[PDB]
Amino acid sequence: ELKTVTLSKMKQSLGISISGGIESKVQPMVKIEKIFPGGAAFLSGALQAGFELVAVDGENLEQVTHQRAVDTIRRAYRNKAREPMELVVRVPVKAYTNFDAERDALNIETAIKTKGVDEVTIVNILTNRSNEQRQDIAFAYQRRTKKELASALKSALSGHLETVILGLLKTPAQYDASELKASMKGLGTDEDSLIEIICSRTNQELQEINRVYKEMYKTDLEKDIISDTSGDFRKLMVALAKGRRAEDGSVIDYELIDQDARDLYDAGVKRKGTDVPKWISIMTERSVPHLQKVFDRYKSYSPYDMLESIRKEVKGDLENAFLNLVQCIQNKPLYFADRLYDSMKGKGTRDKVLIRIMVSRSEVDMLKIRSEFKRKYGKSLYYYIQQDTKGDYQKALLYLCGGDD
């Protein structure tokens, strides 16, 4: 009966109403009365009306006043510094049922077939459902129309909104695999996009990308990278894309931290030229927490930190890849906050980058991205998206952002 539910606090509203409290004889226990679409609770697909609230972010909800529960849950949900939110609940079926998926699909079909196309409703639904719920909706849509939802929306939408919506319909591994394929299409390479995905995805993400890429395209991802890249840049991309980094250990290896830092220095700043294979092996094989400590210890040996050392030692695609990788290791939400700022800061918008980050990180670490963004740039990610984009496309991105800061 007792269950701990983790919920992101990225959405502007939790999206629930509650009932009960010890000042009430009809309902001494606080329970959920209604779950609303558009809020965090609905997205979890793990909370139903009738569940007995026990604890939220460690604070107690059992045998409290109705106002105590209201204010305690509100205070927890507004405390963005603790992500995710932990909701301990007591049960007396899925929260998002076959009927919910069928209703969403029915409403999307209505919106597609409305004269002029009702894009507001399409955005309102799809950017406020989890990726898993979107797969359920696509399944229900095909069952009722005998047409694929992605194909129907490709025909009904256009412009940047079309790009957002079709991206949201793919599973995370499908989306990444299709963006990797796209980065390698045509004459030459979108190195920035290949580097962004390959440098930021974890072992578990890359395992699934490698599998799904082979299924979609009938060739291994590694073989397409080898075909499209060369030199040390190829060696680094191939290495990272294997998704075989050491897992985070429970023991900090201080001796190896120091030896790796010394080896990175000896390989680069200390010598004429660079021993690039040494850099590749250390930065692809060691766990991320280990490398965070290596890069701090590196500053004891080197007059320049790791990012400045890369700029001094290497150039071109290889330099771009190492700079992205080291940011991803040091602070991945800040890496994405900086890429979002760069996509909007100047004339027009690098919509390709803005869209991909909002689609791919919406359900991963968007609140931490937002926190780093607001701390560094002073106004919110929401604010920048509002100034740089317009229309239903803007509204879709703002829903993926989740809320203002």
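From 1 onward, residues are counted along the sequence shown.
Asker: Enter the number of deposited residues without atomic coordinates between residue 92 and residue 93, binned as none, 1 to 3, 4 to 9, or 10 or more.
Answerer: Gap size class: 4 to 9 residues without coordinates, per the record.
Asker: Is the mean CA B factor in the deposited entry higher across 323-331 or across 221-229?
Answerer: It is 221-229.
Asker: For the higher mean C-alpha B factor in the entry, choose 160-168 or 67-75.
Answerer: Per the PDB entry, the higher value belongs to 67-75.
Asker: From 61, 364, 340, 359, pick the one with the largest CA B-factor in the entry?
Answerer: The record points to 61.
Asker: Choose from 344, 369, 32, 355 the residue with the greatest Cα B-factor as stated in the PDB record.
Answerer: Highest C-alpha B-factor among the listed options: 32.
Asker: Place residue 293 in the lowest, middle or highest third of its chain's C-alpha B-factors, as listed in the PDB entry.
Answerer: It falls in the bottom third of the chain.
Asker: Based on the deposited C-alpha B factors for this chain, I'd like to know if residue 149 is in the lowest, middle or highest third.
Answerer: Middle third by C-alpha B-factor.
Asker: How does the C-alpha B factor of residue 265 compare with the rest of the chain: lowest, middle or highest third?
Answerer: Middle third, going by the recorded CA B-factors of the chain.
Asker: Should residue 97 be placed in the lowest, middle or highest third of its chain by the C-alpha B factor in the entry?
Answerer: Highest third - that is where residue 97 ends up once the chain's C-alpha B-factors are sorted.
Asker: Quick check for you: using the entry's CA B-factors within this chain, is residue 114 in the lowest, middle or highest third?
Answerer: It falls in the top third of the chain.
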